[PDB]
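Chains as they are written, first to last, in the authors' numbering: chain A, 393 to 424; chain B, 474 to 506, 511 to 523; chain C, 474 to 523. Heads up, the beta-carbon is just placed ideally off N, CA and C, and yes, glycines get one too. Encoded as structure tokens, the structure appears first; notes follow it.
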Amino acid sequence: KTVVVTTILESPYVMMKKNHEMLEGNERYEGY
Amino acid sequence: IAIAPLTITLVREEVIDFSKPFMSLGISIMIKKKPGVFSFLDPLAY
Amino acid sequence: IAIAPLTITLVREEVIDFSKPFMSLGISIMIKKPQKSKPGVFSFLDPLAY
Numbered sequence: 393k394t395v396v397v398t399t400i401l402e403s404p405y406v407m408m409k410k411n412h413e414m415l416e417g418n419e420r421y422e423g424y
Numbered sequence: 474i475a476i477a478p479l480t481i482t483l484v485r486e487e488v489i490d491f492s493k494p495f496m497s498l499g500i501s502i503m504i505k506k511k512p513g514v515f516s517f518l519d520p521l522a523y
Numbered sequence: 474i475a476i477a478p479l480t481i482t483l484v485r486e487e488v489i490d491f492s493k494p495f496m497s498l499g500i501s502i503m504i505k506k507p508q509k510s511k512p513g514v515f516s517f518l519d520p521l522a523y
């Protein structure tokens with residue numbers, strides 16, 4: 393049973409990647 | 474579960490549980506941060 | 474209840490319950506107060522750089 397974590401877009405905690413449109417899933421976001 | 478910069482406050486603690494803080498912070502001050514070649518003439522006006 | 478400067482550690486939280494920290498702290502450097510130093514022998518050259 394997968395669990396869902398929630399986040400807010402704020403550098404350097406959660407930021408969009410440069411090629412995020414190509415990537416999918418947890419690889420879309422990077423940060424602390 | 475929320476893993477984000479969520480400040481630990483009483484109004485949030487009374488309705489949801491908070492783990493021990495992983496990063497401490499506080500209010501801090503942010504401020505904006511060479512002599513001329515002929516600067517020995519400065520003590521007297523031109 | 475234990476109202477004392479008790480550090481919140483993993484094992485202690487494993488064996489008892491800890492509230493949110495009422496005092497944040499960390500490891501810091503303590504030194505002797507700078508204080509005035511005796512002037513050097515060749516201290517008359519101090520106003521100008523080498």
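Spatially closest choice to residue i from the options, by CA coordinates
i, options, result
"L479 of chain B", "A:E402, A:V396, A:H412", "A:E402"
"residue 439 of chain A", "B:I504, B:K511, B:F495, B:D519", "Any question about residue 439 of chain A goes unanswered here, given that chain A covers just 393 to 424."
"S492 of chain B", "B:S501, B:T482, B:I500, B:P512", "B:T482"
"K409 of chain A", "A:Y421, A:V395, A:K393, A:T394", "A:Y421"
"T399 of chain A", "B:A522, B:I474, B:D519", "B:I474"
Contact with chain C by residue i, beta-carbon distance below 9 angstroms
i, result
"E486 of chain B", "yes"
Beta-carbon separation (whole angstroms), residue i vs residue j, contact threshold 8 angstroms
i, j, result
"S497 of chain B", "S516 of chain C", "Wrong, their Cβ atoms sit about 45 angstroms apart, outside the cutoff."
"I489 of chain B", "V397 of chain A", "About 14 angstroms separates the two Cβ atoms, so there is no contact after all."
"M407 of chain A", "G423 of chain A", "5 angstroms"
Interface flag, residue i vs chain A, CB-CB below 9 angstroms
i, result
"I474 of chain B", "yes"
"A522 of chain B", "no"
Contact set between residue i and chain C, taken where Cβ atoms lie within less than 9 angstroms
i, result
"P494 of chain B", "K493, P494, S497"
Residue i CB to nearest heavy atom of the ligand HEM below 8 angstroms
i, result
"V395 of chain A", "Judged by which ligands are present, the structure shown has none, so any question about the ligand HEM falls away."
Minimum Cβ-Cβ distance from residue i to chain B less than 9 angstroms
i, result
"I481 of chain C", "yes"
Contact set between residue i and chain A, taken where Cβ atoms lie within less than 8 angstroms
i, result
"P478 of chain B", "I400, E402, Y405"
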